[PDB]
Structure formats: C-alpha cells, structure tokens
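Report on the structure
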Amino acid sequence: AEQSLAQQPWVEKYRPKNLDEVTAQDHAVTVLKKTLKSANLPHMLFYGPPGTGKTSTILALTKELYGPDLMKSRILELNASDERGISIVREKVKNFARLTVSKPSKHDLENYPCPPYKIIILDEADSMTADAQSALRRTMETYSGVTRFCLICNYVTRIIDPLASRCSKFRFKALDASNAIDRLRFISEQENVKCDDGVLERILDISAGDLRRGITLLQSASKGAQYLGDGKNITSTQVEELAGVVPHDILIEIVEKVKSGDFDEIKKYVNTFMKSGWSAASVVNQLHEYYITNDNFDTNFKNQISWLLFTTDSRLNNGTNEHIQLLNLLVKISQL
Amino acid sequence: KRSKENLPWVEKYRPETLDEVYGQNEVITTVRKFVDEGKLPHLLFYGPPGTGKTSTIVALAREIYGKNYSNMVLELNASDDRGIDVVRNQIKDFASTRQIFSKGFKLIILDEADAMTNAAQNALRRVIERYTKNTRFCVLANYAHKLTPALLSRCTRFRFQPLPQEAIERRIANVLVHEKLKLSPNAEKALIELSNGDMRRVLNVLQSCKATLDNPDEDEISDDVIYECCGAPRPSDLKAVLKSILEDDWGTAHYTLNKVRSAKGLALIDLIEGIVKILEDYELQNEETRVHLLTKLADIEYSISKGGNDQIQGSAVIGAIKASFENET
Amino acid sequence: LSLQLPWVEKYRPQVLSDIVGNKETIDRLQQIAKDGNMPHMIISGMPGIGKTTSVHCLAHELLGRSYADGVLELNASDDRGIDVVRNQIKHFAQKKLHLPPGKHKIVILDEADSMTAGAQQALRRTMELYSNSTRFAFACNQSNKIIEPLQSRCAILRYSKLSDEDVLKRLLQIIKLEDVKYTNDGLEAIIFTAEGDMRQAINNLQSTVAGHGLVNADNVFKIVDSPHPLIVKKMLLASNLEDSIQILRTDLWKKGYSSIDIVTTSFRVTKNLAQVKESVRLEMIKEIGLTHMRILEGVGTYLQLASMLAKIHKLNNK
Amino acid sequence: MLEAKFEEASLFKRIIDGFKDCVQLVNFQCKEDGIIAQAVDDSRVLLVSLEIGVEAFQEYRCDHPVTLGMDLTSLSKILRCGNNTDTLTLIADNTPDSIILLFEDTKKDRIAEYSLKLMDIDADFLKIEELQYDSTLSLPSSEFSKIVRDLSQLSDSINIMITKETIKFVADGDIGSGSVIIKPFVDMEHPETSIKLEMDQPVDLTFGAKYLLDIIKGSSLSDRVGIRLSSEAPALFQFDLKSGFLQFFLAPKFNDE
Amino acid sequence: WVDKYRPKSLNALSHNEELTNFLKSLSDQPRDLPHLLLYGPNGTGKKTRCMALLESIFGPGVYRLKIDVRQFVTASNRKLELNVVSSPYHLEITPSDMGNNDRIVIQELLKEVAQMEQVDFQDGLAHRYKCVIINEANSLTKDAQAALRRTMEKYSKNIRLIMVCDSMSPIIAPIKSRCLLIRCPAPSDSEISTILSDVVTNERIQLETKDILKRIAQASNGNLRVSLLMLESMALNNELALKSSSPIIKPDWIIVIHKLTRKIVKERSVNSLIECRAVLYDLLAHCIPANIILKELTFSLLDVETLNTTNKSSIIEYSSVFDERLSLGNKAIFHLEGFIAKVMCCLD
Ligand SMILES: Nc1ncnc2c1ncn2[C@@H]1O[C@H](COP(=O)(O)OP(=O)(O)OP(O)(O)=S)[C@@H](O)[C@H]1O
Ligand SMILES: Nc1ncnc2c1ncn2[C@@H]1O[C@H](COP(=O)(O)OP(=O)(O)OP(O)(O)=S)[C@@H](O)[C@H]1O
Ligand SMILES: Nc1ncnc2c1ncn2[C@@H]1O[C@H](COP(=O)(O)OP(=O)(O)OP(O)(O)=S)[C@@H](O)[C@H]1O
Ligand SMILES: Nc1ncnc2c1ncn2[C@@H]1O[C@H](COP(=O)(O)OP(=O)(O)O)[C@@H](O)[C@H]1O
Ligand SMILES: [Mg+2]
Ligand SMILES: [Mg+2]
Ligand SMILES: [Mg+2]
C-alpha cells in the first residue's frame, strides 16, 4: 500500500487520486465535479497534447464516482494491449455495454453516489481502425441508459466524424510555467528537493506542453544531486545539461558558422556536431527560438526562415535521418 | 434509480414523433404525405453527421406500426455483422415471410450502410427489388460514394440539409423551456456559429455551460461561459491577433500570439480556422495572394494534425500570413 | 393496411413491346422471341436501363406457361460458387422437358460480373455441350469482368444510355396512366436530374408528385437535389479562384456534402474532362489525389478543399 | 428473493436443449405461478415460448414478479459444467442481479455456485395464443421428424395443406418433389400413435426447411407434437411437458403467385 | 578483439566520464529507477553501458545469458517465432525481427511478464522488478509503440523498460515523454586512441608509432566498434606488423558506394542509370539498409570536389526529400532510383 506507492517513480507516486489534485484544466474538472451531484454524464471525449492529465483524471473521476470497491466491477478499460478490432468491438464491447449494472453494496451506496450506469473507457482511440469506430456508433448510442463511453486521444482528427459529434469534446490545454508551477512546487516540497529560485520555470519551459517530462526531469536532477551528497542547490545549467538541451555556446557557434561559410565548412561542422548525441528536434527548436526572438534580421529573412524551420520540423516528425535533415536545414538557412 | 432524467442531453431530447424534428421540413412533409397516402418506396437518407436521419426513421417506424416499433421492424446497424452470408440468410428470410403480430408491410432499416462490403451490396441489389410488395428498405448513409451506383439508384434519394439557424434556435428555446435556464442573445449567436450544423455539439456545449454555472437557475449563460466551455477563441482576441500579425513587426506579433494563446490555453488548430474564417471576407486585389494563403495554411494544418511542434507551427502561421500579404503592395 | 406497389414496380413492363430502350436490340430480341431460336447473349450497360426486365419479358414470352419450370434464374442473393454451378446448373441443363418445337430452356444468370472465374470456367462446357436444350443469358453491368471464353461463346448485345426522348415518352405514358398535373419545365428538369436513369427518373417523379402534386421546376429542384457531378464540373472550370471557391462554399459545402464525397466526385469528373489537355489533367488528378490522401487521414475541413482548388487554379492558369 | 429448487439436474438441460441453437437471448419471468419465457429469433421469424409451472420444481418461492434476461450461450456453458447427478437451484436476490445457479450433490458435499450476469433486455412482453386457430392436429414426434428431415433433402420450402380429413406435406425443389399424405386414425391398443385432426376450413401454407429442422430438435422432450395452423396467423408447434409446454411460433412464407 | 576486451561494470568504463557518473547516480537507489531510453550514434557503446548499469543494480551474475524460442500465432494460422535472450535478472528482445506483427509480440510478451513475477534461488519469491531490454526501438511500429507505451504505467512495480536506439526521431511523443532520455556521445579521438593503445598493448601487435591509431580513429568517424574491427583486420592482413604505410581497409559496401559515386559524377546519362539500378539491386539484395545506402551515397557525393555550391545544395535538398519519402514506403529501390535520376538531372 503505502510502501508500494513509495517504491515507484514520482510519475506514479504523485498521480492525482481525486478531482482536486488535478490543477491543470479547470474548465473540464468543473463539469466532471458538477456531474457528481447530478446523473446526466454525457459521452466524454478528452483530447490534447501528451502528458496533460486525461488518463489521470478519468481514473480519479471513476474512483470518486463508484469507489474502490465498485470500480473493478463497474468499468471496462480498453487502452492499447487488448485486441481492439472490428470483431472484438462488435462482440465484447457490445456485450459489456448491453449488460445490467451491478448491485451497489450498502457501504458503497451510502458513501459514494452510485449512478445507474457503468463506464467503458477506450483509451487512445486514435489507434483503432475506421471500421471499429464506425461500429462503435450505434453501440454507444442505443445503450445510453446503462453505459457511457469515455474516449481519450492526442489527435481529434484521427477519430472519425460521427464519433466527434456523439461524444462531448474536452480539450486539455497545454501545461506551461504559468498554470502548472504549483504542482511542481508541491512535489518538490514533498520530496525536499533543494531547488533554486527559478529552475522550475526552466524545467517547465523545456517540457513544452507537458508535465510528466518535467516531473521525471526534476526526479532525475534530484537523484543526481543527492548522489554527490553536497546538499547544494541545483542550477538551471545542471537541469538543462541532462534534459537534452544543447548548450548555448555551441549554438552560438552554429549560428556563426551559418552566418558565413561554404558548403564544405558547414558539412564538416555538421558532421562533427552529429558525432555527439543531440536530438535534431531540440536543435531545430532552439535555433527557431534564437532566430525568432532576435531583432537583428529583416522580415524578408524572418518569413523564409520560419517556413524553412517548419518544413524541417515536418520532415523530422516522420522519423527520418537526423543528420541529412539538419545538414539540409543549415545549408538552406545559409543560402539566404 | 433509472429514469429519463439520467440520460445525457444528446439522447434525453430525442424526437419521439415526426412533429419534433425541426429543420428538415421539406423531407418530413414528403415522408408524412407518403405514409398518409399509403405508398412508401425504398428510402435513402443522406446527410451530415447529427442531422436527424436516425431520429426521423425511428419516428416513422413508430408512426406506421405503433408504440412498439422494434417488434416487426428489422434494424441492421453497424453493430451487427452484415456480410454476404448475412444478407443471404437473415435479410432474405425476414423479407420472404409475413409479420407475427399484425398484417402490414415489413420495414428493414439498414443504418450506416456505407460500412458494407461491395459483395454485400451487390447481393442486396436483387433481394431489395425481388420482394417489393411486402417489405421496404431504408438506407441511411453519410458518405454517398461507398454505395454502389446500382443500390444508389434503386432507392429514393433524400438529402438532410444541415440545420439552419431558425431550427437550432427553436430547439434551443424548447430545451430552455423544459430546463430552468437563461441564455444570452450574443451567446446564442456564438453557439449557432459554433454548431456548424451539428445538433449534438449544441446540446453538449449547452449541458457544459449549464454545469459551469454553480447555480443553473438564476444566472444567464453569457458568451464568455460558452467560449470557455469549449475553449474556442473569442472573436475579439482573434481579430486582435490577426491585426497584430498583419500590421505590427515580427517580435511584437510573436509576443502577442504567445500571450493570447497562453491567457486561456487556446489551441493553434482553432486559431488557424478562426483566422481563415475571418480572412476569407477580405477583398484581395490579386489571385496569387489567396493561393499561397490557402496552400501554406493547409500544409500547416496537416502538419498540426500530426503534432510535430507547438511554437514552430505558430511562427510558421505568422510567416505564411505575412508572406501572403505581400503581393498586394 | 394495404401498401400500394411503387411506380417503379407497379408499371414494370410485362411485354417486350413496352420497352423504350435501344430500338435495334429490342427489335432483335422481339424477332428472336417470335421465332424462338434464342442464342446465348450477354446484356451489359449503365445501371438502370432495362436489361433485367428485357431478358425477363423475353423469357416470359418464349416459355409462356412453362416459365415456372423452364427458367432457372440465379441472382447474387442465391449462391453462385463452384459447387452450385457444377451440381444444380448441370442437373437443370440435362433436365428432360417437353417444350414446343421452336422453344428452349433458359438460364438467367443476372449480375454475371460478381461470379468467380472458376464458376465461368466450369460453366463453359456445361453451356456448350447441351446447346440443344439450354440457352444461357447473362445480364451484368461490366462486361470486362467476365472471362473471355464465356463472353465469346455467346452473342454480345451492348446497351446504351437512354436518350431524353425515350425517357420523356415513358414519363408522358406514366402521367397519362396516373392522371397527374404537370408542366413541360418540370418534366425537362426531371429528365435533366435523371442523368439517363429510368428507375431514378420514375422514383423522382413519384416523390415530387406525392410531395407537391404539381410537377413544376420549383418542386423538383426543391426536393430532387440536382445531380452532384455537374456542380463539381462547373466548379473546376471557373475563371478566377474566387468564383470556384464561392461555388464550393454555397453549392457543395453549405448544402451538407462530406469532403470525401466532393473529392471523389471531383476526381471522377476530372477523369472524363475532354476539354482540357492531357498533362493538365494528369497534374490536376495528382493534386486531387494528394488532397484525397490528406482527407483520408481524418483532417477533412473546408480549408483542405479550398487549398485543393487554389492548387488546381495555379496549375491551370500557368 | 427467488428460490427455485429442481427435483433433478438434467431436466433444465434437456429443456434448454430444445432451443439451444435457435435463439440467443431469452428473458425468464418468475412469478407465483411459475417460470415463463418468450424470445424472438435473430431474424424475427419464429418465437420460442416456454411455460414451466411449480410442478417440475421440488421447491419454489417467489414473492414478487421478477424478470431475468440472459443469453443462451453462457447459460448452456453454465449448465454443461454441472454434473447430471446434482440438485439445481436458481437463486435471485431482491433486485434483479446476476442469477446464482447452485449445484448440490445428494451424497457428498459439493457446492458449485456459478453466477450469470444479466442482460438488459427490453421488457416487450408479448401476448399470443388467444387467437382462434382454423385447424388443429396432433401426431407423434417421430413421424413428424422423419417426414420433415426427409423432405428437407429435396428443397428448402415445405407446404402444409390441411384438407378434408387429409394432411399433406409437399416439398418441391430442383432435383424433384415429394408428397406425404396422412389421414386421421385412432388406435385403442396404442393411444400415443393416433393422429388427431379438428378442422374448420382447409388451410394451405408454406414454411422454410431450416426453421422446421431447428424446431423438430424439441422432439426429445415429448412424443406427441401438436400443430395449430391458421391463415394470417403464426403456426403453433407445441411440445407438451410434464409440467408446462414449449411452443414455437413460426411465420409462414407468402407466395408471389 | 571486439568481444574479448569489454568492460563488465561501471568502474571499468574508460570514456565519457560524465555519463558514467550519471549512471552511477542512477545506480544508487535501484528501487526508484524509471524507464530509460538511450540515444546516440551507432557503435557508441550503448548495449555495454546498459548491461553494466544492469550489473551495477543487480548482482554480478547478470551476464550469463541464454537464448530461448517463443512461438506466437497471429489472427490467422501464420505462426511466428522469436528469440529471447533471458537471464535470471532480465530479458532482451529484438522486436524488429517481425515485419508488421510487432504489435502482437509486444502486447503478448510484455503483458505475460508483467502479470506474473520471477521465482529463482541463487526467501523463496520476494524479489525486485524484472528488466526488459529492447534493441533497435527506433524501428518499432506505431501501433506496437502505442501498446508498449500503455504497458508502462499499468504495471510499473514489475517491469522497467530500458530501450536503446540511434536516431531517436521515429519515436512518438508519448514514449519520448513518459521515460528518461539519456544521450550517449561518441568518444573523442584522445579516448578512442587510448582504447586502441590498451588493445595493442594487451594483444601484442607490432606498431611503429601512435599515428596509426590516430588515422584509424579519424577514419572510423567516431565509431568505436568499427574502429576496433578495422584495427583487428589491419593487424590480420599486415601479418602482426602495423606500419606507418598501411591502406585503410574500408568495408566492401563502402567501396561499392564510392565506385557508384564515381560512376554518377563521371557519366550523367540514363545508360549509366541502368547500371546504377543494377548496382542498387545487388546492394539491397545482400541485406543492406536502404537508408544507410542513401546516407553514404549522399555524403560521398558531397565529398566530391569538382561540384560547386549550388550542385551540392540541390543534392542535399533532393536527399532530404527522398529520405522523407524513404521512411513512408516499402519498395526502397523505387525511391533510390528516383533520387539517382534527380541527382543526374541536377548535375547536368
Ligand atoms: N493535470 C495534472 N495534474 C497533476 N498531475 C498531472 C497532471 N497531468 C499529468 N500529471 C502528472 O503526470 C503523470 C502522467 O499523467 P497522465 O494523465 O497519465 O498522462 P496522459 O494524460 O495519459 O498522457 P498520455 O497517456 O501520453 S495521452 C501523472 O501521474 C501525474 O504525476
Ligand atoms: N432535426 C432535429 N431536430 C431535433 N433534434 C435533432 C435533430 N437532429 C438531431 N437532433 C438531436 O440529435 C440527436 C441525435 O440525432 P440522430 O438523428 O440520431 O443523428 P443521426 O441522424 O443518426 O446522424 P449520425 O447517425 O450520427 S451520422 C437526437 O436525439 C436529437 O437530440
Ligand atoms: N426501356 C424501359 N422502358 C420502360 N421502363 C423501363 C425501361 N428501362 C427500365 N425501366 C424501368 O426500370 C425498372 C426495371 O429496370 P431494371 O431491369 O431493373 O434495370 P437493369 O437494366 O436491370 O439495371 P440494374 O439491374 O438495376 S444495374 C422498371 O421499373 C421499369 O419500368
Ligand atoms: N569504455 C569502454 N572501454 C573499452 N571498450 C568499449 C568501451 N565502450 C564501448 N567499448 C567497445 O564497444 C564495443 C561494443 O559496441 P556496442 O555497445 O555493441 O555498440 P552499440 O552501442 O551501437 O550496440 C565493444 O567491443 C567494446 O570493446
Ligand atoms: Mg493517456
Ligand atoms: Mg444514424
Ligand atoms: Mg436488373
């Protein structure tokens, strides 16, 4: 129990258990909490960037609705490991939806408000085929009195159009250093991490639109600090060194090579840079940040460099070779 | 325990009869005259998602036979198997025998028949017309290209136009009658423009803004509550961002974009659509501007559909807008 | 509770003379029926021109009262695998029946394009051997899907689309038999939206007649929804991008048409666009296919169709 | 509450085996009179209706009328994993929940308690068998089974014609035809072999062969099948049990001619 | 030799001391080690460092491995077989073996090892988590990646996922986020030269000076394994005597790609394109990844000095385009021939 929750990473150690610990999306948790007193829970469709709280808030809503006793008998969960095909979604999901709700015990009925319906959660619905989602339509429509569906996804476009109308949409906003710093402060205080004044802001800015990455980053930084045993604080450089963030000096060197240089010099420096392990996505992001936030260039350069960086990012997002794409980006940005 | 008030607003307000189906007047009238005269040919409903097709056909099945429609009426939705081995045995046996309860024509409702294999439709092509004086087929669909031309020709085509403003307004008034609630006129206009014809999104965001009132009996749903429930960008800051992108320089435009998209937690996918809808009204005095303005924005939207980055795509939108608004000068 | 038959079925011709299709082939079938020496024939054409009804009236006139035991019709609903074509078709081929002198047993294999190649292979000799008693008659929609030997043994009989004159003649016959008030404009609109389809024309006639009583242009253009491919063909040939975009917005998008259907219809229209050249057609098809691929991944908003139209205009203008 | 203790174990197994592969989802209504049930086929052509009174049960206790919906596949799975020598008890709580099937041996203590989660079937309880039938007849199950499974090899349709003291089963197919004509006669030495017929009007109507082959599977329960026929009415095939009866309502196939 | 001289602990890693200190930091509290993802250049020493951390957290008996065979079945009758490198403390999988059936292998084996636990004697069952090593995670299919990402948090007290891969880009954002990211930089020349010096003083090879090891390190581009292998091949061919004048032994495919680049830059015609297609067929047919062929061809083309700036720029642009197209197709020759035709049209 407590020793079990102690023996797991900070991601699972501080996973919110109720609707009050999820301090990121006040627009959706309000409806989910108002649903408690009422009984008209519509078919939900949580969608948003990775690591935001969807899978962690649906479980909290379930725990608060039914309780630890009825939860294991009143919900079905199809996330990714089960075989979610047309035959399975036609047989098993339909059988569980067209099924009588279980009898709530006196303890559960007295403590938690038990609504007269079960819950089928299809986690990461963007991995299902089109025929499975098409079959889900009337299955979720006709048995709406004893079963409510909750879909979760990172891309709403992948879900077919009919399911985008049946379910009520809930967009989970990204987590920057503005509305998510409180949870990180609370975790750092609960773990006695000797953080600096503004290192949490840098941690949250590194994990653009994500919190779990920031949590594991803080955990790794605290572990590396405790290993040395010096007890000193952790600097922004200390956390950005292990976060994949490329140092600023070598970035300035890259920009200096771009500002003037032939094809051979840039190719040699790109090879030497790729000799070390640097994620091309982070390098592209930092180059974009440095070039856009600057004011020393002209608009006729800014528009072209923005388009080129966008094209390079779209190329890198398809899982291609980092070296070739980075070299092409640097050559094309030097051509201007 | 179980009652009518526990159902979500998507299904709680399902039209029971044909009289509670607004918007598609020119089809409901023809269907009522069909069932009144006594003749009812093979129907084929074709419309966008959430228009009233299934509700209309269920109300028709209730009106024809009685309050017990799912007794002598067969219904093959996408939840049942509809292979060729099914259209061979089940549908043919249902269409080759009489009813069990009364003496009338039988009804077969093939809901969402666009999800049928070509062989199944080719097999149905002859059984749909071999037994005509006893059974009638009703094919509901959203994509009119999945159906073979033969099956598409045998059925009378009825298109379900998207709900106009008046129909959604009447439905909103009827919902506000049964549920103690008040809704602002500008909020009504924003909800209509956000509906995009979808009658389900209307009821969904309505339930949301009702839940986000903390006392859904006195306070009225203003436009801010509706814009917050779905997270859609208000026209105000949308036009402000568009003006700052068109007029100001790069640094301050990027700053105001990052400030607007972080004040309420907006999404770039919605900002792109809003800017496109606002900017489609401009009178560009050249054709080369709109070409790039659409091409680059569509490419950026397709790239967002894969979730590559979040700020590079925003600066890409800014650059596309600025570079497209340059051939004018 | 009695349900009247539809106008498509209640007025289905039961006599070979009432067919208003291709005059030459119908006259050939009429002379064959009056003579009786009917050879194997394949009937193929556009969907809804009267092939099945033609062959059925032919069989009814050739066998008369023996139609109950002389004809064995196998449709797509019935099984048409190798087992049935080897057992039941063969047992019906050798079935000794005493028919009038100049008559023969007939086998109506409707929808021949859906049968497996092995079935036709097994059917070749079963048809060729017993030509003295069995005369097969295929009726499909795509003659290319039939294997070569089966198609070559029989005498082919192509069918062309119904001209507007034949459709208007049959429409006038139906109105005269049903006592309906009509105007010329309504009938012209019905023929124009019928795209040469007898069944679709009669269905739209019955719909508008029961819906408004008076067959006028307003009623049909109100509840018939003038065909899709023509609007798309008009959209792709606009002069400036703004006109084509306005057409797409008002006629296609606002009227509730899915983006995938618009893309598929635009592809099919460009496939048969004889006005423009070949290279421009290939480039337009490539761009339409790129837009189709973008649509199939889920993103199907109006912006994608707008960018597709912009690319087509950039291609056609330069 | 609901407690129904049978006298034996294989009774319910043989009862369910009548319509095992004919219907999928049933709904038993338990009242003070006994267990009733009616279920429609997948194609909505025939309906199985079973009534078992309190005579076949060793013990019966039901306070208020309860409805219990369930699929037949899982029910047959539960009945198969029970030994045919135990005693079966159906148990239901106050509110309709997972029904408890309990097998208890009579010699050694073996408590086999299986649960079956109920389905939520719409309670569209149907009221048939109040319609005056034109013709009624009764004949041994073996003869009916033989005739039907002999005629099923020639076609897929079977025409039953009840004329003046004549019953005629006619099969017409592709390879040939067949006609079995029987006449009413009663024997004193063997009262079970007699075929009884009471008609008011001659009735000719067709049925399918698959549904008849699925119906005649219930011949393992009784030995005297009753057949009630009427124009514009579902044919009634009744098997008489020692406590209740199992009746199939088949829909006749109309003729285009 | 490659396999002989390899560190077997954390106190024996002799390059990238910062990464070794970070690994020692991650090896202090084993019961709180999250999932790991190693990324960096090929042949950097990722698997050896992984198995060294695994030995540091577990006992020293983790190196004794054994190969087992597991047979799975898809929806159809097609039975597939996989090899598993198991040890009393972990198991290593290479899911890239199956073409498009990785989603079955992951969701079956990971679930099977996650549900139950490990029992072995070396106080009968109480043990810590079990470790699963995944080699070439960058080649995982997207659906298999989703299954693997979901089978991470559900059962976290039993399975710790330590994946390794070069060119981390084909990894979906959820997997990139829910695990720690450790970079493995290639060792510098001053350290790979020391590695070679230790190898040559241990294996007793006759070398004249230290310039040979420097040339080997410069030729290997930073790859430690390829440098060691080339050193061993040079020692074998030179008959136990390394001299200052020795031809660097490039692998056969490198020489084939160099001859291909020569043929490209010399004759720009379709007749040469036919022989180019023949060479690409002969190369792909002998188990060579098409992306590696493309990378080597493009870099050797940029190495050519007789081409000006615009030619090399358009070449690198076409290479980026066809590399994007290569990761979205199956017939690789269809893209390689197109890239060759494009570079031929570009050169003249
Ligand atoms: N809104 C939040 N409030 C508090 N903690 C959060 C929140 N979102 C994420 N976390 C933390 O990050 C962990 C991961 O959150 P999850 O909800 O499981 O991730 P996710 O939303 O499922 O992203 P996916 O699975 O890639 S779509 C949680 O266990 C928390 O420790
Ligand atoms: N014309 C309408 N008038 C009133 N309410 C409507 C109308 N159309 C839809 N609705 C509402 O939307 C709900 C669902 O409508 P349906 O007719 O089931 O959607 P649909 O036509 O089946 O489209 P699909 O199946 O999702 S593609 C109904 O229960 C109503 O609450
Ligand atoms: N030439 C015609 N004259 C009169 N009615 C016709 C004619 N052609 C078709 N019809 C009508 O169309 C219906 C019968 O058409 P079919 O024979 O089913 O068409 P088809 O040639 O079989 O093409 P398919 O099978 O639908 S792809 C009846 O309602 C006829 O009245
Ligand atoms: N610290 C080190 N000291 C000596 N040799 C090393 C060291 N690190 C790596 N190596 C060499 O690397 C080789 C193994 O490379 P490997 O780990 O298989 O590459 P990859 O990480 O691409 O799988 C071994 O032969 C070993 O000699
Ligand atoms: Mg999740
Ligand atoms: Mg529907
Ligand atoms: Mg036909």
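About the cut-offs
- Residues numbered from 1 in each chain as written, not as in the entry; some residues may be left out.
- Chains lettered and ligands numbered in written order.
- Part of a larger assembly, values for the part shown.
- Heavy atoms only, no water.
- Contact = heavy atoms within 4.5 Å.
- Buried area = accessible area lost by both parts, 1.4 Å probe.
- Salt bridge = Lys/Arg side-chain N within 4 Å of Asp/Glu carboxyl O.
- Patch = residues over 30% accessible without salt bridge, like charges linked within 9 Å, V, L, I, M, F, W, Y side chains within 5 Å.
- Areas by Shrake-Rupley, 256 points an atom, 1.4 Å probe, with all protein chains shown as cover.
- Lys, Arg positive; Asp, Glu negative; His and termini not counted.
- Charge placed at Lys NZ, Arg CZ, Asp CG, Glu CD.
- Helix = DSSP H or I, 4+ residues; strand = E, 2+ residues; numbered from the N terminus.
- Near = heavy atom within 4 Å.
- Polar contact = N/O pair within 3.5 Å; in protein donor to acceptor, adjacent residues only side chain to side chain.
- Nonpolar A, V, L, I, M, F, W, Y, C, P; charged D, E, K, R; others polar.
- Domains from an automatic or database assignment.
- Buried < 20%, exposed > 50% of the residue type's maximum accessible area, 1.4 Å probe, protein only.

For this deposited structure, the header cites cryo-EM as the method used and 4.0 Å as the resolution.

1. Details of the interface of chain E and chain A
Many descriptions give the size of an interface as the accessible area lost when the pieces come together. With 58 residues of chain E at the contact, the number on the chain A side is 58 residues. When chain E packs against chain A, the two sides together hide about 5200 Å² of surface, and 52% of this comes from carbon and sulfur. In terms of surface lost to chain A, no three residues of chain E exceed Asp32(E), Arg150(E) and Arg183(E), which account for 12% of the buried area on that side. If you look at where chain E meets chain A, you find eight salt bridges. Salt-bridge contacts for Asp264(A) lead to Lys312(E); the nearest nitrogen and oxygen are separated by 3.3 Å.

2. Some remarks on a negative patch on the surface
Residues and elements named next belong to chain C. A cluster of acidic residues, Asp164, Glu165, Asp185, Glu188 and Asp218, forms a negative patch at the surface. Residue assignment for the negative patch shows that the elements contributing at least two residues are α8 (164-178) and α9 (184-193). Within the element layout of this structure, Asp164 appears in helix α8.

3. Quick look at the site of ligand 4
Residue and element names in this part refer to chain E. Neighbouring residues of ligand 4: 18 residues in total, closest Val2, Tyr5, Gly43, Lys46 and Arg225. Here an oxygen atom of ligand 4 and a backbone polar atom of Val2 are 2.7 Å apart. Here a nitrogen atom of ligand 4 and a side-chain polar atom of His15 are 3.3 Å apart. Coverage of ligand 4 by the protein amounts to 93% of the 560 Å² it exposes when considered alone. Mapped onto the shell around ligand 4, the elements with two or more residues apiece are α2 (46-57) and α8 (224-237). Across the shell around ligand 4, the residue classes break down as seven nonpolar, seven polar and four charged. Two domains each donate at least three residues to the shell around ligand 4, and these are domain 1 (17-183) and domain 2 (189-242).

4. As for the side chain of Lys39(B)
The residue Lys39(B) is located in the loop between α2 (25-37) and β1 (43-46) in this model. For the buried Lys39(B), no salt bridge is present, and the opposite-charge side chain at shortest range is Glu37(B), 4.7 Å distant. Beyond its immediate stretch of four places on either side in the chain, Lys39(B) contacts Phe34(B), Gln4(C), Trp7(C) and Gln206(C).

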